[PDB]
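This document starts with one chain, in the form deposited in one PDB entry, laid out as structure tokens.
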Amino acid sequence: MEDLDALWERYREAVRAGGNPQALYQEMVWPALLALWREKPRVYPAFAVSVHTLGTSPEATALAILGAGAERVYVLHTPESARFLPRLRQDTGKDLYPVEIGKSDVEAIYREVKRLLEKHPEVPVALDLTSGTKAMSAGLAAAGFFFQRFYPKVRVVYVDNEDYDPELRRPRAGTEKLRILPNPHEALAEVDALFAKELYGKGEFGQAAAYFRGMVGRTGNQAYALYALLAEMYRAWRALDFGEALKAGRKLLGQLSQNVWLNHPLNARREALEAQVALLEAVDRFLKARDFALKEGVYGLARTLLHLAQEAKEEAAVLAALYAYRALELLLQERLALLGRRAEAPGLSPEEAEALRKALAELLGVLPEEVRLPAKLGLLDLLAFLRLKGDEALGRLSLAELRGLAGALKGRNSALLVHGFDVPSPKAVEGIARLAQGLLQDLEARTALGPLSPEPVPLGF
């Protein structure tokens, strides 16, 4: 090695004397450097296959072949650099499997890497980008980091070096070292936040929380524990577990009020978070009481259900119907509470029951004698009853709209996930959600929560 450092200087001074650079490199330097790499590869801390781009200088590639020490060696060369395959054979002693590519045909690099990984799918593979055009090297690296998703044993490698002489177009002999170029997730920790943020923006709150919690496990940065709490709060809220959501939100607000978290980015949104936690509190209170005097909790629950129905409208129509039916039922029951009455025991007088059978018969296209009122008012019975009692919000419904909704309202309990086998049309679910929305805006005006959305607050990064 100090032999190598001494003859490097001998070479340098011979070049300053007028000796040719390439010739004296081949004669004085390269045999000793090559012998060193044969005996002892300068390799950072397993490869079964190595794949090497090949440009106009074969020496870097010879070193990378010896450093990876793979049994199977592929060489991605161009029509122009094919001339160097004999030298590669004689310097490495390896069988070469050559693949010709254009020097900036990045797609072909991608395709050849695909083909090779499919040929060697479960062994460690080194992708050496040292030699070639920037297009070849960058294409090989890009292909490697892309395919690690599906071929995790792939590694991108590089003959790093120290004293690159721009005149000599070579580094100082003996400073070369083969090493692994890390992928961005491996290299830069904060990029995990990006994955978490993406999942959060998709409504995948449980996975987002898992990512944030794993980041605290990786780096110890407790700022991401607060983000995990937030994602956990939304996970629980979207799953209708208002107790767990309230607990997570209260923990989060408590943490954000500590001096150490004063500049956490979620504090830029504190009021929004406080309002959402107030909503969760109100819903928790209403769920415990089951009493429709608690207007804020009725609003919070119906708002949550209508938002869930809107999100399920495309991918989950059966659930969308269920959410929309429950929201409308809650809102109609709150209207009945405006009259002091309860749907499970409305206390209909004989005159009221007769009038209700007549109105239901007109809506259902039957005779009043065919209408049988259950002990607990069904959804359509409740709507008809409120109209009979002069409810101002339901009185505004046209007869055409109500006739259009009558089939869907009548079949509330006949839904597949309640007691029957039916799925109403998406158009009817749309009409049920529209009716519910109008009742919700009436209630929203009468509640201390004001208008509030379940949409998540922006993360602030």
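We call the rigid core whatever largest set of C-alpha positions still superposes within 1.5 Å between the two forms. Start at 1 and count along the sequence shown; that's the residue number.
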Fill in: Missing from the model but present in the deposited sequence, between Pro45 and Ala46
1 to 3
Worksheet item: Once you work out the mean C-alpha B-factor for both 3-11 and 450-458 from the entry, which is higher?
Response: 3-11
Practice prompt. Averaging only over Cα atoms, indicate whether 291-299 or 152-160 has the higher B-factor in the PDB entry.
Written response: 152-160
Worksheet item: From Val318, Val216, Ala345, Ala359, can you pick the one with the highest C-alpha B factor in the entry?
Response: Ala345
Discussion item. Using only the C-alpha B-factors in the record, can you name which of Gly203, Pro171, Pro265, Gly390 has the highest?
Written reply: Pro171
Worksheet item: With respect to C-alpha B-factor, does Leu330 fall in the lowest, middle or highest third of the chain as deposited?
Response: lowest
Worksheet item: Sorting the chain's CA B-factors, does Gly420 end up in the lowest, middle or highest third?
Response: lowest
Worksheet item: By the record's CA B-factor, is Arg111 among the lowest, middle or highest third of residues in the chain?
Response: middle
Item to complete: Can you work out whether the C-alpha temperature factor of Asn221 puts it in the lowest, middle or highest third of the chain?
Response: middle
Worksheet item: Of the three thirds of its chain by CA temperature factor, lowest, middle or highest, which one includes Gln276?
Response: lowest
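Unshown form deposited in another entry; subsequent notes refer to it.
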Worksheet item: With the rigid core superposed, which of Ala248, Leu330, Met215, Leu116 has its C-alpha shift by 2 Å or more between this form and the one not shown?
Response: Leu116
Worksheet item: For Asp91, is the CA shift between this form and the one not shown at least 2 Å following rigid-core superposition?
Response: yes
Discussion item. Using a rigid core superposition, assess whether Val429 undergoes a CA shift of 2 Å or more between this form and the one not shown.
Written reply: no
Worksheet item: With both forms fit on the core, is the shift of the CA atom of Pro21 between this form and the one not shown 2 Å or larger?
Response: yes
